[PDB]
Amino acid sequence: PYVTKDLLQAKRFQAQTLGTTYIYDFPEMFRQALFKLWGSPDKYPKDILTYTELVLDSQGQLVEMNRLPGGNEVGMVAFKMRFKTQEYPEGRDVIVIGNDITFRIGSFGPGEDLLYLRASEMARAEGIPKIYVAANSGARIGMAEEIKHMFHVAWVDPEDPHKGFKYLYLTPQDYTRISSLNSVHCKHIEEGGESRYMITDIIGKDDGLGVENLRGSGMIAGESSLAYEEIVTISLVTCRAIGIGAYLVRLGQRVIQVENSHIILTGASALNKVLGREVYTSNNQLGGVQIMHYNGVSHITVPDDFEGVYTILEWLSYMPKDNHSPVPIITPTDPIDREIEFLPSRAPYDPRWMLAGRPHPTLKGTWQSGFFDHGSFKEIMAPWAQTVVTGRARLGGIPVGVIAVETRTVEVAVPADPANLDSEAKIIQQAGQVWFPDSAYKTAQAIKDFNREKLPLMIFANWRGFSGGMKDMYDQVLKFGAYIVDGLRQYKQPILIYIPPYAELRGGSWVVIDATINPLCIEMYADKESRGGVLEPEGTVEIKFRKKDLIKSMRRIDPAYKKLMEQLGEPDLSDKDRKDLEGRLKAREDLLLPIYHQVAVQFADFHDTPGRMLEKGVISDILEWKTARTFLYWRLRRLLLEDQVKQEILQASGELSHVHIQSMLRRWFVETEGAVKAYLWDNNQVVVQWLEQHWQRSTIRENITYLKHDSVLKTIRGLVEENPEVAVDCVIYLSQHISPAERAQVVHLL
Amino acid sequence: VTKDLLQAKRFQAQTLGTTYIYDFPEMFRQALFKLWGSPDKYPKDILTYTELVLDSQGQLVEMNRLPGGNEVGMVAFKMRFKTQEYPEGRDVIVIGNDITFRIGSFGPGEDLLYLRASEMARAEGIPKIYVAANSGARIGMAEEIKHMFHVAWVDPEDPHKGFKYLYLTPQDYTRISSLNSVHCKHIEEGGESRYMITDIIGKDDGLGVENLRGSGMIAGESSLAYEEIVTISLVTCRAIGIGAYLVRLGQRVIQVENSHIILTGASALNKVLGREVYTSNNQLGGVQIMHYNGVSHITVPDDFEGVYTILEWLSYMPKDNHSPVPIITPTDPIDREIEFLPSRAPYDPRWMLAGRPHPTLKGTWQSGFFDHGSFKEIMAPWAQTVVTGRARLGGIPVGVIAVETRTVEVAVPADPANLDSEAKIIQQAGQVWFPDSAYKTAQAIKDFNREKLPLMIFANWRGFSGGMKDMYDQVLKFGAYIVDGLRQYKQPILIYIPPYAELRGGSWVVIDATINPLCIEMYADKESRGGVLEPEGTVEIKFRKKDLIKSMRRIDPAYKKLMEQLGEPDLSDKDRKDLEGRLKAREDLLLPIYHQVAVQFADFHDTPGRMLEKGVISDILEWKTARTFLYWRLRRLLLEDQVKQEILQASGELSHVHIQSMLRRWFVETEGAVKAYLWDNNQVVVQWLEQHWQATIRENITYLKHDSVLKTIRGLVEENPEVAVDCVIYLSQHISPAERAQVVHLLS
Ligand SMILES: O=C(c1c2ccccc2cc2ccccc12)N1CCC(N2CCC[C@@H](C(=O)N3CCOCC3)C2)CC1
Ligand SMILES: O=C(c1c2ccccc2cc2ccccc12)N1CCC(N2CCC[C@@H](C(=O)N3CCOCC3)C2)CC1
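Protein chains in written order, with the entry's author numbering: chain A, 1695 to 2390, 2396 to 2449; chain B, 1697 to 2391, 2398 to 2450.
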């Protein structure tokens, strides 16, 4: 019963004027975004986008159907979508939930809450991404309207109402109507020898008025917490997100906020009324882009709903079809065999340029290539914690999370507090190559988030340590520093940490990143022109090469300081000669000392080389930036494949040792390829070529076959050994579905 | 050795304002004595301990030998001490730096001991106590080269023209080449051959980047330890760098007063910053900062009282991570009433928890909710809007979260490094979550969940602090963390809205039962309140001026009489304008009065009555009886979860629908269907569980094992018909000769 002229036109106008998109016009928007991503009419596949509406049936379960648009029994709609993308030409599935803002200002009733619940639950059922379009007014609020205009007031003094009232009540005739409906609890009182029904509680005939709504928020709040742990969650904020709306967005983490919009818990109109003054001017003042985009809650901003949708697909580009598929590697137009044109220097630079490249400064149309595949690097949480840069990219078409360090002094404009006229906007300096509380957090968030995308991670390490002065310590830098340790510990994909040219990893920043946090996943590489150590060289000298040592160094190298020999060696004691040289030696001491300190600092530095890193087995290999792209490509591409064989199958069958499994994989290489060819196992490329002989009579799967079969041998032997009572009744179970021919085989054996 | 080693090293420790590492065991004994009260109340062998020691193959071997002689800057003991809740003993692994070894620095060997000792703590599921007195990762240089290198100057007789490179003579290089101490390229400077230092490696191990590695290792270990076992930490002198990160990664931390937790010291920062900004290390990481920011859970005046807190904290916690929370027979009887009465006006939450000195009495105590003396607070000075700690209800240990109702004043300190910033005083409203109350709340929830404790939230929140500064300050992030924390909770969570307490809006949402329906039970006091908005706000939206007017038309005789007069329109404009004026007069008079009646009408929706009808709460409760009621419900819920989660779940893997129905169905079998209603009685149920299980007891549980094991094997054969006929003929080994004829006819 939904009419196009009547229902459709008006509802879209109603979303149009709210500055949002009517919920049933999003599927079509997704169709249009994909068409752009494919770049033409002549490059477009058959069914770019298939969808189906998820609809709650009479017993609160979802049922796929594709009725016409509109006509939804709750103010939320869900769709199961499939769309042919470049990473998945034969399709990838996805679930989109979103408020019908036209329906009761997008309020959250128990019915709405339920659909979102089942939609989310299903998404997790199939391990596929959950897109949520936030356009709402938070939990629904209501009263007992029925009873609102029945109740009478027992005044303390009917002449003077400034003197208040005793209670509220209903007369017997009033109560008789509402009696059986159990709308109202009230104690039968007999004031003035007259019968009244003194209200004690008000329930309401109608459902979805109060506390039930709050529970129903927490329910979908909870669900949304779990889903962030299990599947991909992306969220689009278009008109507004309030309270339960806001919390849903945030629990999903990844958030695309449209500019007009806001993300609030309590609106300015409200806050003004509680506080008592005109404190806040707008809802955009509280939770608009210029707050959330700048504090990390919103990962990225978009100018309109369409660029939202487009980013959603743009994000899903890097991420696996589901939470049991691998990351979509695509054939790159950007060559792996090339060099990186952009070189990072002792001159401070935007780390974006080394990642994504930049326009060639000394040329017209030329581009300076960065480390990643041209055009692939897409940043998130940019204006927050600008001391670190986080985002995703592609290396030879392999998707990957990126973590880079800013090397220019950053400034941050913390805004003045509107509930405090004794405050103003402050600007705060932030040093390059330093973890602050905000960078520490952002860095840990990126790690937490990317891990959930099953993405591999590339950290371009260049940190001198954590900020450690009072304010930053007070501001809990230590807590967030420790989450970097928590985050990498729990990572389950390859992490490649790489110190670039003229970059450095010093002290506590090395500690929270070191390979031994996650031996199975982390590999640490230093550039030929990088540095690393506990302290900086100046500091090492300050502690471990002090003045006493410096004068000794003089006593050795500097020939002039053989005044010392002249001093002590020959026995001659005169106030003249003995006191003369005594001051004259000090003379030279003073002249040489600052320059020997400069030597001392160089001596310190020569300890901090990648030369020594490799020697003390802390980094895997020493690289060269020009040819680092291609090295890390084949290494990344191998590690992904080794990881597939091991976890996916080998561990999903043998349940055997990780040290053991590495061996058993190499054991197979040497076994079929020969001992004479064994050395090549250390060559990344050749190993990838050999791996596809098995993965893509499979030398490797024929082995996994034998493992998983022999594994179920020991599994049934353990139970029957543990539980000899079952064995007898068990043989008859296996006999029901054995084999009529082999049934006699057994039937005669024992 | 005794005088030389012991007296010296003790003086050496003394002068650094801390205890010698080997003297700690005796403090634990001395602490234990104070914990037991009188010497008559002592137990047999109060403390037993062995030292853990690395062997030739880097593995911990227990031994008992003379103190001193630790061959690495780190020491650790395995201790068994007898406590009140564990009279026959409980185990822990103590581990700490030797500040007297090498400024208490961390080298690879020091790291390895920590690694192995923590690994062991996790292996055995037992707590890991960590004593911090250190100086972060060890730093060193290739001394050998230090004493051998030469400088190739730009000009010999004026070294201020600088130097080209450093180098070794070919002679000197032939002493070193075997040792791999230094890498260098050959070079000729005016026909003299020189070996130009390119890299310096060092003969002696443990100089630089390898120490960071070894730090990163025990950080990773520490990070995991917090997930598996209880982890406590005491900073006695200073924890530096890696030492600061271990202390933090283990979360629960006791800081002695003049000590500090830092990364880079005040000295270093001053040089780097360019002026003498910081006067002390305490200024960066002393009690005054770390206690006020959540890093330090509690502060102590000395080591002894520090060791005591360790015992005092462990007293709430289970002996290992596969044992249940230690209930002890209470002295404060379970059946009394709570004498403190939460007021409509603000009060100190702690009073309703711990009780207070009777204001109108001589030496009387006003009882609180929990056992007397039993509530101990953590993170007191930080995020004071919320209160976190541990208490006991009838001897049942339990994590505690309570809300502040008075106004809070946080005295944020001036950053010496910023010439502009002077100190400030921030007011923080009560009954409100802030970026810190939220953080503290979820931080308490995660800490306590790892102790395997039950949680008790005496909820009293009007909502999250909205508004710009708090929203800019990421309140929305930490608010979400409360959801995650209760979602992941694995013990019982009892939420009680006490008398004159309220639970509103987003504060309801992030604390609801549906977040974790297997653990969270919600209760509202008879005089408590709850709902979407405050009544003042409900009225602002759903009971507006036009509507207040409609009420007056209905229910005000004066007002109603005025209308009646204008209802006979046959009068002069004088009378028409007058009565119009009068009626406006009357509605202006009444609007503030009717606003009050409208808020009260709104308020009658927010009642615990309604919560119960709409099923958001499990029961309405009365503060006097609150203590006794919850005690039995907690005790029941614990036993139920004990049988269920431990015993019952080990057998089958079915849903919790059976586990509940089945547990009850068993009760109704052994106790009759007439006596079925008592399943709703907590005490009868507690009595029942003990008298049967602890003292279909494990006959029904046994029967679960067969149908489960068979089920398991079925799926494997369903999955792999490959295995079928090899297993069937492997199983001709297992079946009996008499059982053979049993099956041979049964199958043929
Ligand atoms: O190596 C030294 C060091 C010196 C470094 C440079 C010049 C002089 C130094 C003198 C030192 C003296 C003693 C120990 C270490 C020293 N460090 C001292 C400073 C250490 N911090 C690393 C982290 C970033 C910096 C830092 O914490 N800041 C920078 C931002 O504001 C907060 C304070 C410096 C790095 C280690
Ligand atoms: O119900 C109302 C509400 C009013 C409450 C009390 C007095 C006047 C109110 C007026 C309202 C008007 C419109 C909607 C809701 C209103 N609330 C709106 C504000 C909500 N916040 C709860 C959290 C604490 C408060 C808050 O955010 N503050 C607390 C003090 O610090 C600054 C920020 C307000 C609580 C719910």
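Here a beta-carbon is modelled for each residue, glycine too, at the ideal position from N, C-alpha and C.
Applying the 10 Å Cβ sphere with the 16-neighbour rule, what's the burial state of residue i?
{"i": "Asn1876(A)", "result": "exposed"}
{"i": "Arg2396(A)", "result": "exposed"}
{"i": "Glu2421(B)", "result": "exposed"}
{"i": "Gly2059(B)", "result": "exposed"}
{"i": "residue 2450(A)", "result": "In the structure as shown, chain A begins at 1695 and stops at 2449. Residue 2450(A) is therefore absent and cannot be evaluated."}
{"i": "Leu2267(A)", "result": "exposed"}
{"i": "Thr1975(A)", "result": "exposed"}
{"i": "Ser1874(A)", "result": "exposed"}
{"i": "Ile2097(A)", "result": "buried"}
{"i": "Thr2324(B)", "result": "buried"}
{"i": "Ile2399(B)", "result": "exposed"}
Throw me the rounded Cβ distance for the residue i and residue j pair, which I believe falls under 8 angstroms.
{"i": "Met2164(A)", "j": "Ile1985(B)", "result": "7 angstroms"}
{"i": "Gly1990(A)", "j": "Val1952(A)", "result": "Contact flag wrong, Cβ pair sits at about 18 angstroms."}
{"i": "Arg2040(A)", "j": "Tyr2196(A)", "result": "5 angstroms"}
{"i": "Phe1724(B)", "j": "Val1827(B)", "result": "Actually they do not touch by this definition, with Cβ atoms about 11 angstroms apart."}
{"i": "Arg2200(A)", "j": "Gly2226(A)", "result": "7 angstroms"}
{"i": "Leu2412(A)", "j": "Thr2414(B)", "result": "In fact, because the Cβ distance is near 15 angstroms, the residues do not count as touching under 8 angstroms."}
{"i": "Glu1747(A)", "j": "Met1759(A)", "result": "6 angstroms"}
Going by CA-CA distance only, name the one from the options that's closest to residue i.
{"i": "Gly1904(A)", "options": "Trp2204(B), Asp1751(B), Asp2116(B)", "result": "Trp2204(B)"}
{"i": "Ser2117(A)", "options": "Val2108(A), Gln2124(A), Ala2125(A), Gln2123(A)", "result": "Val2108(A)"}
{"i": "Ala2087(B)", "options": "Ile2023(B), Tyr2043(B), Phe2130(B), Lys2136(B)", "result": "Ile2023(B)"}
{"i": "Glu2283(A)", "options": "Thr2303(A), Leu2258(A), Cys1933(A)", "result": "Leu2258(A)"}
{"i": "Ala2050(B)", "options": "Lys2058(B), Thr2056(B), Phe2036(B)", "result": "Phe2036(B)"}
{"i": "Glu1806(A)", "options": "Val2179(A), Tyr2373(A), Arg1909(A)", "result": "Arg1909(A)"}
{"i": "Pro2194(B)", "options": "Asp1868(B), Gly2064(B), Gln2435(B), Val1931(B)", "result": "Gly2064(B)"}
{"i": "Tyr2255(B)", "options": "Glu2336(A), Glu1853(A), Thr2234(A), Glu2309(A)", "result": "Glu1853(A)"}
{"i": "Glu2367(A)", "options": "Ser1889(A), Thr2101(A), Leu1702(A), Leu2385(A)", "result": "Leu2385(A)"}
{"i": "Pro1855(A)", "options": "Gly1832(B), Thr1715(B), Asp2252(B), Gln2170(B)", "result": "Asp2252(B)"}
{"i": "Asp2016(B)", "options": "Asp1787(B), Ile1841(B), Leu2418(B), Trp2047(B)", "result": "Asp1787(B)"}
{"i": "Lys2173(A)", "options": "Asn1954(A), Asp2376(A), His1882(A), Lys2136(A)", "result": "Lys2136(A)"}
{"i": "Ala1772(B)", "options": "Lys1740(B), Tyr1782(B), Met1816(B)", "result": "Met1816(B)"}
{"i": "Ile1789(A)", "options": "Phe1802(A), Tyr1782(A), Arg1818(A), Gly1769(A)", "result": "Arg1818(A)"}
{"i": "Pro2077(B)", "options": "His1987(B), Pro2439(B), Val2021(B), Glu2318(B)", "result": "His1987(B)"}
{"i": "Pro1997(A)", "options": "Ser1918(A), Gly1982(A), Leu2285(A)", "result": "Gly1982(A)"}
{"i": "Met1770(A)", "options": "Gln2184(A), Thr1796(A), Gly2090(A)", "result": "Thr1796(A)"}
So what's residue i in DSSP terms, helix, strand or just coil?
{"i": "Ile1925(B)", "result": "coil"}
{"i": "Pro2053(A)", "result": "strand"}
{"i": "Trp2362(A)", "result": "helix"}
{"i": "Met2152(A)", "result": "strand"}
{"i": "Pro2093(A)", "result": "strand"}
{"i": "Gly1981(B)", "result": "helix"}
Which residues have a Cβ closer than 5 angstroms to any heavy atom of ligand 1, listed in chain order?
Neighbourhood of ligand 1, defined by CB distance below 5 angstroms to any of its heavy atoms: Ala2125(A), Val2128(A), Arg2158(A), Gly2159(A), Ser2161(A), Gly2162(A), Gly2163(A), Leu2229(A), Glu2230(A), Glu2232(A), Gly2233(A), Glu2236(A), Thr1960(B), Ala1964(B), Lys1967(B), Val1968(B), in chain order.
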